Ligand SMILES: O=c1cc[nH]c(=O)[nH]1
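For reference, the chain that follows is the form solved without uracil, supplied as structure tokens.
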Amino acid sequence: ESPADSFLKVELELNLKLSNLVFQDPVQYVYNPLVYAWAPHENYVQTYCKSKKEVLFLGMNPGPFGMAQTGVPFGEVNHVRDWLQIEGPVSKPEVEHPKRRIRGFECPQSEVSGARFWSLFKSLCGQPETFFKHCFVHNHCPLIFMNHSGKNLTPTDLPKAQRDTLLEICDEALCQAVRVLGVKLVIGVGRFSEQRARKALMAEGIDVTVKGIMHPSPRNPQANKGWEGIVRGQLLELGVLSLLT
């Protein structure tokens, strides 16, 4: 009963259905680090999904300087290389916007959401085995979208049409991964993810609770004030602190 190989296959399944869609209009570039950063992604899943999980943290999509460069979700380079200890070759999506070049583990920029994310669990837990013992992390959509200028588009900033097909498809995948991991509880990082997961799972009556935490993005002011403080508090109300040690 290791989910790794089935998680990875839910993901290659999902890469398939997505390779099929065509985007438009405000969208000019699309990148899926799940193709070009497969190696480190695999290595994450292999090393850290060796067994079934009670909790799943769930973010919305990769950001430009985290998962888009490392393949690990909330994948800020330094914490991924020094704490998770995941290395891997990464190549380059087929068309790059010059302001959003993939440099892999030689990325200079630090993604603030991801560094916050993992810096909390690194304080909470010490050692990655402790945090992954019962938990795991994953994103609802692995694709990353940019307009003509390099400006990032979330899935919600997408026009109606491609947006509903694309979420419909990730919603089904999300249900498989949840079943494969074996989880009792899911914490969306951010409102979009908590809602979306909720609506996904109840639509196939999967019997799992969906809570949330504050997103650590710096576009959100309450987060720049003491994200870790708030969240350590949100995880205590959810009853998960005993889980991570």
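Residue numbers run from 1 along the displayed sequence.
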Q | Residue stretch of maximal mean CA temperature factor, 160 to 168 vs 130 to 138 | A | 160 to 168
Q: Higher average CA B factor in the deposited record is what I'm after, so tell me if that's 69 to 77 or 85 to 93.
A: 85 to 93
Q: Could you look up the Cα B-factor of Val189 in the entry and say which third of the chain it sits in: lowest, middle or highest?
A: lowest
Q. Going by what the PDB entry lists, where does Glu228 fall on CA B-factor within its chain: lowest, middle or highest third?
A. lowest
**Q.** Ranked against its chain, the third holding the CA B-factor of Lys99
**A.** lowest
**Q.** B-factor third for the C-alpha atom of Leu153 within its chain
**A.** middle
Q | CA B-factor ranking of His215, expressed as a third of its chain | A | lowest
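Keep in mind that the form deposited with uracil bound is missing from the display, and what follows is about it.
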Q. Every residue in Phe57, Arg198 and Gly212 with a non-hydrogen atom within 4.5 Å of uracil in the bound PDB entry?
A. no
(Q) Taking uracil as it sits in the bound PDB entry, is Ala37 in contact with it (heavy atom to heavy atom, 4.5 Å or less)? (A) no
(Q) Please determine whether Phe74 contacts uracil in the bound PDB entry, using a 4.5 Å cut-off between heavy atoms. (A) yes
Q: Have a look at 198 to 206, 39 to 47, 177 to 185, 60 to 68 and name the one stretch with heavy atoms inside 4.5 Å of uracil in the bound PDB entry.
A: 60 to 68
Q: Could you list which residues of 113 to 127 come within 4.5 Å of uracil in the bound PDB entry, counting heavy atoms only?
A: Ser113
